[PDB]
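The chain below stands alone and is given as structure tokens, in the form deposited in one PDB entry.
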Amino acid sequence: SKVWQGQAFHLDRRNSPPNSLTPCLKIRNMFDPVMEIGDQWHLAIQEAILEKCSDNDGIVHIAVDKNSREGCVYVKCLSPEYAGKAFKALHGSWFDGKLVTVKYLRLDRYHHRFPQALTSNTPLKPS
């Protein structure tokens, strides 16, 4: 069920992480909001991202989009190096039977949608 199932390919050589100069990510294909019930279901989505990024001590703000059917969750990090480390952990990985992809987002627009993310600076961890 709601389990990680490895990666579709190894991110090296011809599929190398871009390492963009942003700390902001958009994570894709993680769920379908119309197949979730209650309003506690986003916690399992946030924790699943932190469980896959247990090594990463740089995620500071995490936001799950409960309306888009793209199944998006947004994350901001301290530096682009932390954001690249989360990219490597998630991009091309299998979750709940669907293939997760990651896109970099500009920093100005990220704060425009999530103004709360400025103060959020303590690292997040799994339970």
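Just count from 1 along the sequence shown to find any residue number. Under this definition, the rigid core comprises the largest set of C-alpha atoms superposing within 1.5 Å between the forms. Only residues modelled in both forms are compared.
Higher mean CA temperature factor between 63-71 and 35-43: 35-43, per the PDB entry. As the entry records it, the average C-alpha temperature factor is higher for 77-85, out of 77-85 and 24-32.
Per the deposited record, the Cα B-factor of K103 falls in the lowest third when ranked against the other modelled residues of its chain. Per the PDB record, residue ranking by Cα B-factor puts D96 in the lowest third of the chain. When the modelled residues of the chain are ordered by their C-alpha B factor, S1 lands in the middle third.
Unshown form deposited in another entry; subsequent notes refer to it.
In summary, the C-alpha positions of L25 and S16 converge in that other deposited form, ending up at least 3 angstroms nearer each other than in this conformation. Core-superposed comparison between this form and the one not shown places the runs of three or more consecutive residues whose CA atoms all shift by 2 angstroms or more at 12-20, 117-119, listed in sequence order.
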